[PDB]
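Below is one structure, written out as structure tokens, with a few remarks after it.
For neighbour counting, all protein chains shown are included, and Cβ atoms are generated from backbone atoms with ideal geometry for every residue, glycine included. Each value in this text was obtained by applying a stated rule to the coordinates, not by laboratory testing.
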Amino acid sequence: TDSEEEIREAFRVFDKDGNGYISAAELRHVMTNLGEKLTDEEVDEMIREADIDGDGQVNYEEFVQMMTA
Amino acid sequence: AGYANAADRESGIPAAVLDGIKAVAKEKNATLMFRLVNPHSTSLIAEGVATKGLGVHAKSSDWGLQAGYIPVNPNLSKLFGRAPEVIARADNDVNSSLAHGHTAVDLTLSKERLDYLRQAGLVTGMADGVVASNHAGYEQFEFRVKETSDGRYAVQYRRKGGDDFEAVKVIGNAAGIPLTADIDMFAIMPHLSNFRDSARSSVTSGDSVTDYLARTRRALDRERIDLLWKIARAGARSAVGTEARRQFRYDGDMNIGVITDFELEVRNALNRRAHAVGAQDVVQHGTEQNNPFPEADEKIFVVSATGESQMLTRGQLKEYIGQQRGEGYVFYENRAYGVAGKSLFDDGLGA
Ligand SMILES: [Ca+2]
Ligand SMILES: [Ca+2]
């Protein structure tokens, strides 16, 4: 089970620009660097999956839950 | 190329060694950052003097014919006018290293290091033989050199008025090669694409998500988005080396500290280019981002993934890092910076 400082370091790989949130643009960038060229629709789907509160981005606590499944 | 700008020359890194560093930065697509190398170490590293590991605590010397080397007699190190407690701990530091594989070697300088010393003013002249220096240590000690048949000069000293000269012994390799300071890496920022394979080996078995599903599944897609998150998580975790950094890595019997897989690769690739030129291993441990006693060393020498180099204040370093992060390069910072109020980040910074 990852620590808080460990999850924060990982969160930082996704949150490229540096606001405490992961947007669909940032996630899409993470995904093709990681070899998965995804459609705007597929990306939106990945975000909706982690987007518990419904704003349209992944905040830190949502990320924690995502990282724990 | 060998040295292209003022920063390259201020880095203290030997030109041929620096050439390999720039090649490695581009090959592995990673920005490499370094703490400046003391200019007395530069020539030694270039002509092949070995480099010290994390276990050697003994103090290096910054004066006399022994400048750049790590003396067995701490009074010959930079510790020369210190209290007795100090020279006492230093004594133990020395015997500790000698008990653990290190050798006490008689100092002999190459003709070229001898010219460098004199041209730098470390040695202000000689007797053909008897050397002079305005350093304060030359007031408690006398030194002289003697050409060997090897073309080198054996370094000898005695305490002012202690009638007999003896070899200045210096800490060496378990193989007997004298040691000088290693090259300290400040940070390594790998491009995220360096971890696609790492991610797939973890979540798939090296397959793209698509091929993994085609192969194990059948004829939303909830499972798919879930595997995609699984690869995102794995790549990020390998990028910052979450699991690797929970342990220490070793090179033979040498503790290389806390280092990620990728950072080890870099260390190995750089040491490799160093051998190719005439140097010994020059990077002996992990990055300052995993150092539990972090320094506040104000200038960082940076080599981009594109091969361009420059010196950054650390105010410029925060901006540089932000910019590189926008280009997909990964950065994680020393875990103590936040608390010391010295974070290089401007996000929330907590849970
Ligand atoms: Ca963001
Ligand atoms: Ca949200």
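For the reader, a short list of remarks on this structure follows.
- For the stretch B:266-284, a residue qualifies if it is under 14 Å from B:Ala244 (Cβ atoms) and either out of contact with any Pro (no Cβ under 9 Å at 6 or more places or on another chain) or basic (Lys, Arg) (or both), and exactly one does: B:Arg267.
- For the stretch B:61-77, a residue qualifies if it is closer than 17 Å to B:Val123 by Cα, of a type in the set (A, V, I, L, M) and part of a loop (DSSP other than H, G, I, E, B), and the qualifying residues are B:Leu65, B:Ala67.
- Filtering the stretch B:306-330 to residues that are of a type outside the set (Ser, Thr, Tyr) and within 13 Å of chain A (Cβ to nearest Cβ) leaves B:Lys318, B:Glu319, B:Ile321, B:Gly322, B:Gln323, B:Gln324, B:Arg325, B:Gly326, B:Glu327, B:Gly328, B:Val330.
- Looking only at residues in the stretch A:42-52 that are among the charged types (D, E, K, R) and touching a helix residue (DSSP H, G or I) at 6+ places or on another chain (Cβ under 7 Å), the one that is farthest from ligand 2 (Cβ to nearest atom) is A:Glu45.
Residue by residue, here is whether (1) within 15 Å of ligand 2 (Cβ to nearest atom); (2) at the interface with chain B (Cβ under 7 Å from one of its Cβ atoms) holds:
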{"position": "A:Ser3", "(1), (2)": "no, no"}
{"position": "A:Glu9", "(1), (2)": "no, yes"}
{"position": "A:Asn19", "(1), (2)": "yes, yes"}
{"position": "A:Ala24", "(1), (2)": "yes, no"}
{"position": "A:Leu34", "(1), (2)": "no, yes"}
{"position": "A:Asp40", "(1), (2)": "no, no"}
{"position": "A:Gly54", "(1), (2)": "yes, no"}
{"position": "A:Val58", "(1), (2)": "yes, no"}
